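One structure is given here, and the rest of the page talks about it.
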Amino acid sequence: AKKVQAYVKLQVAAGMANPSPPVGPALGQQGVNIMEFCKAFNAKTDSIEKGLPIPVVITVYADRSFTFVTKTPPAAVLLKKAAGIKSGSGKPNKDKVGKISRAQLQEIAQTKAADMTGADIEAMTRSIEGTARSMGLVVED
Amino acid sequence: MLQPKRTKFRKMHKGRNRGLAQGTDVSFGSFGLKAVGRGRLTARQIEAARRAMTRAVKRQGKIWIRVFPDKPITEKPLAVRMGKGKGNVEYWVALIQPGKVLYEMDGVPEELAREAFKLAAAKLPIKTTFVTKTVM
Amino acid sequence: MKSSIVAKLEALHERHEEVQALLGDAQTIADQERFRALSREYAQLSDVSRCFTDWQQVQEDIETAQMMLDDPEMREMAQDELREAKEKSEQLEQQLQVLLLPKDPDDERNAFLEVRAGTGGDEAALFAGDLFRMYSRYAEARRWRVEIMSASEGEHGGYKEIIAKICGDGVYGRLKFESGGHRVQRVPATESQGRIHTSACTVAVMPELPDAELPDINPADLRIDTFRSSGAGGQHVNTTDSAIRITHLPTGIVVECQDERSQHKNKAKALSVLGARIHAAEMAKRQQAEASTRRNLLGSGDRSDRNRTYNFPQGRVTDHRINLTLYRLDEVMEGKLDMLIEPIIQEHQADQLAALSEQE
Amino acid sequence: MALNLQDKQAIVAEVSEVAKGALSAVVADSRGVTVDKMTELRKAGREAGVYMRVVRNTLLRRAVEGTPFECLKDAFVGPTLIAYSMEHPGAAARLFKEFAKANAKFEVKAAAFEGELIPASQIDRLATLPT
Amino acid sequence: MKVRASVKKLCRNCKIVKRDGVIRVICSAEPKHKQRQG
Amino acid sequence: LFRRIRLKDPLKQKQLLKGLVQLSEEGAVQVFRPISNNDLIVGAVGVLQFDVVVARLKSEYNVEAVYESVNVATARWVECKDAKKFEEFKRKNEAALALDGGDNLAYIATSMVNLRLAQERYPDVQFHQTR
RNA sequence: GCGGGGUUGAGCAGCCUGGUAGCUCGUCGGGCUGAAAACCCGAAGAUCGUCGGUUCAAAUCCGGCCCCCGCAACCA
RNA sequence: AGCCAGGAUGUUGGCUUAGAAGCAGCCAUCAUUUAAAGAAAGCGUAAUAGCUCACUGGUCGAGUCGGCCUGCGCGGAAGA
């Protein structure tokens, strides 16, 4: 297991090809060109769905070459395209921006728990169910 | 700053501060700050201590104040001779005798109460101690 | 003007592209201080530039649609497409207006509106009354409260000078552009020969500045000095100091008092005089600043200093800062100022963005 | 650590799995990272789950207290820190060699590979596992 | 060095030692924390 | 690495102008005047070249020659063979454009990146490093 | 420290023995002038500086306070 | 109390920020791997990051920790 060299995790949705404002100079800091992170990444982003924020490795080596991999998409951005509401909370214990069901978060467990570590599906599922709780979204049991 | 809305008379005699106190036990809350010394607490001191302990507990739980400054303390104006009647009222005090529980507090943890009462007591002239509510 | 605003938006688009490139370069982040402002610049510019780019596509779509209508017999499809395009163009323009709406906290502050007669005399006084009514009805429409602080009435009617305070939401933002001279072309009521007379009126809009606070003198700040008093009095005057000089070190003000025999009374009197002098200095500084700002905002009173012209025979209102002529003068007279005020706000915000882009 | 009550409830539950299980392997996870522990245990979660116990406490009496009731020859594990690997389904299941692969998989010490003494073993890599 | 009448610990690394009949606080981590009762 | 000439003393400008054009006639220094504003910006290939120019100017043309006012610029001479395209270019970037000696129009670039963006836009117009 | 004062928007009477508010200018609406002044007619207006107290009742009487105007603050 | 290792996760919790990931700040502060690991106590960055660290195990194997009632002491304590 090697340690971090220079990778960072921050980017907007795949819909905006070559996004200059969120990263800014983040992927322009190292020797890597600006076009590299669009040709290498967006060519794989159109395979199934577009418009969802997904991270990638921004590591750099001494040969100007680099490797990448995609982890599970972040729940914060996922539950805007899978919850109806687009805004966020601010006071989760005093008001609720929206309402979600139980099966609505159950259906995301099979497609998202692959990176998550748990003995059981329910064990990883409750972690996803608690994401909404942190987001102020209530669940009707 | 606490002070009586009305009074029967404007000025009051100097008096003495002998005897023991009456409010020995924690009546309303769960923790109290008891005086072990003797003296008089001014209104400014009471206000400063109340602000310190409220800020310390971040406005959680409830806080009682078992003392009220009702004794008017006068003093003569600057550079005047000893006669010419009594001076004008400048501040208000509450006579404190040993054993008097000054403040009470509940709704917060024990160690948080310890720290709040210490910060409050650090602004008072008399020496204090921490006491807890007792059954019977 | 539409042509001018589109031209500015195009320049902003070019600027937005340059900011994205500069952000990409990483030299700016090395600088750090340069990158922080540049990043804010991009944030404000991106939404407006995106909207503008979309609008640009819509205008091109309209040109192609007209061409499509003329030749291939695809006129019916083109007419529907063109009609939809028109709806889209109007919606994008309203969105642009929202994007360029001012976000400054200072704009929300209430304001004092002073309307003073210039050239024209009683005529100008009557126009001042008309202007005051105009603004008052506009304020009433937008739920604002107008309090007449001071009024100086004209002989034949109207007000020679009327100062009023308007309290509401967004008063300063809405009314800042009205300041300057205003010219009225009309046949005066006072006239008996039916001649048209050009007259001018000067308007000043000033924001309600935060309420004055007298800070209590800080003991550490003061440097009390005790020295012997001068004059008669014998042994007592010689041995007792009885004189106090207090110098306020921040403001560099020195007050000396030797009146009473008591140092305490001398010191008290000196403290009072010092407090009054500081309060007077602050008050005077405020008046000088207020006077200078008013002097700059108000015109000379001559017809040449203008920001709006109202021609009554032809019913035309013309704005000189940004080109715009409206053949109305009735709706505008009866409140309904939004039509005139809005393009100025949009242009001003665009100019502010350009200035921000140019700051170094 | 909490009181003796928690200590006894943990021990009665710890030695229950060795009472109702089968052969076990050895592992010394001193230098093992939490990620290694989140991939090996996840790997162990495919057959039954949390059935194997990693409840290690190798002090002279903290875990040695339960061995005389069942599998008495586990008192030899008292000095250095080493953990068992229980298998509830199947006598001597295929999970025994997972520390042999883990030996070179960033965990150079593998607790000397003795193995639980159900067939009265010693230092040897037991490759005879029924399927 | 802070010369105070009340010397206390300011962090986990501050150690109180009495040298020559004077209470002193010495910190291995932060040099700003060292005080002496005086 | 261009620096503007402040000219603190209002007079002696004709003396300065005669000296600046003479130095500009030789190859030691190049003087550019923006069309938008009446400012004199003097540029040379090297810092010590500026130092030599300032020394020579003081030595015989004897002016105060106050300089180093902050500005950022790069010089690219612009030539466009095409008619009705160069005019559009001039209107688009009138502020950036500056006249150079010999009445040659030169685009002034705040940044290298600005120069690259300018170069990508309007390809018919040719930017020449050398005149 | 001692005498006097605080009354419609401004300047001012009367607070009399505590039941009760008046003048001039100003203001509003008509009239005259072609129009604006001046002039004429009819109207309106106050919690009598602030707060306690004794009366059934306080602008009035009492006490404290704030501001304004005078007087004094001397022998050393 | 030292020594050695760890202290990972979802997720970068939700906001707003030009950045906010434990740290500008406002609300929750849940849940998993359960021999424990914190929606993290700070340093720290330009935000991430990196370091110490609240908690879990071998080691040596005898006490250890901070409050109460009290006697006597130390600093606070500088003038011609």
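Values reported hereafter were calculated over all heavy atoms of this structure, with side chains retained and with hydrogens, waters and symmetry mates removed. Chain letters run A, B, ... following the sequence lines, proteins first and then strands; every chain starts at 1.
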Quick one: label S89(A) by what it contacts on the DNA or RNA (base, sugar-phosphate, nothing), any heavy atom closer than 4.0 Å.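 Touches sugar-phosphate only.
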So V50(D), base contact, sugar-phosphate only, or nothing? Heavy-atom distance under 4.0 Å.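 Sugar-phosphate contact only.
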Counting just side-chain N and O atoms, does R261(C) come under 4.0 Å of either OP1 or OP2 of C75(G)?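 True: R261(C) side-chain N/O within range (under 4.0 Å) of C75(G) OP1/OP2.
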Any side-chain N or O of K112(A) under 4.0 Å from OP1/OP2 of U11(H)?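 Yes, within the criterion.
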Between [Y] and [X], is there a salt bridge with N-O shorter than 4.0 Å?
| X | Y | value |
| --- | --- | --- |
| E110(B) | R114(B) | yes |
| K269(C) | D259(C) | yes |
| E18(C) | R15(C) | yes |

[N] and [M]: how far apart are their [atom1] atoms, nearest whole angstrom?
| N | M | atom1 | value |
| --- | --- | --- | --- |
| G52(G) | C66(G) | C1' | 15 Å |
| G22(H) | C43(H) | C1' | 12 Å |
| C16(G) | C48(G) | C1' | 15 Å |
| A21(H) | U29(H) | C1' | 16 Å |
| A5(H) | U70(H) | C1' | 48 Å |

Counting only Watson-Crick or G-U wobble pairs whose two distances fall under 3.5 Å, which nucleotide matches [N]?
| N | result |
| --- | --- |
| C71(G) | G1(G) |
| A5(H) | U56(H) |
| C30(H) | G10(H) |

Kindly check if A35(G) and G34(G), neighbours in the strand, have base rings whose centres sit closer than 5.5 angstrom and whose planes are less than 30 degrees apart?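 Stacked, because both conditions hold for the base rings of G34(G) and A35(G).
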Is there stacking between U50(G) and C51(G), using centres under 5.5 angstrom and an angle under 30 degrees?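 Stacked, because both conditions hold for the base rings of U50(G) and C51(G).
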In whole angstrom, what separates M116(A)'s CE from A39(H)'s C1'?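 Distance check: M116(A) CE to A39(H) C1' gives 12 Å.
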First of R4(E) and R53(D) reached from the 5' end of RNA chain H, by closest nucleotide: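 This one resolves to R53(D).
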Between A75(A) and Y7(A), which has a closest nucleotide on RNA chain H that is more 5'?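 The residue mapped nearer the 5' terminus is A75(A).
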Once hydrogens and angles are ignored, does a donor-acceptor distance under 3.5 Å link the base of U12(H) to the side chain of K9(A)?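 Checked by distance alone, the answer is no.
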Pairing check, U17(H) versus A35(H): Watson-Crick or G-U wobble, both under 3.5 Å?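 Result no; criteria under 3.5 Å not both met.
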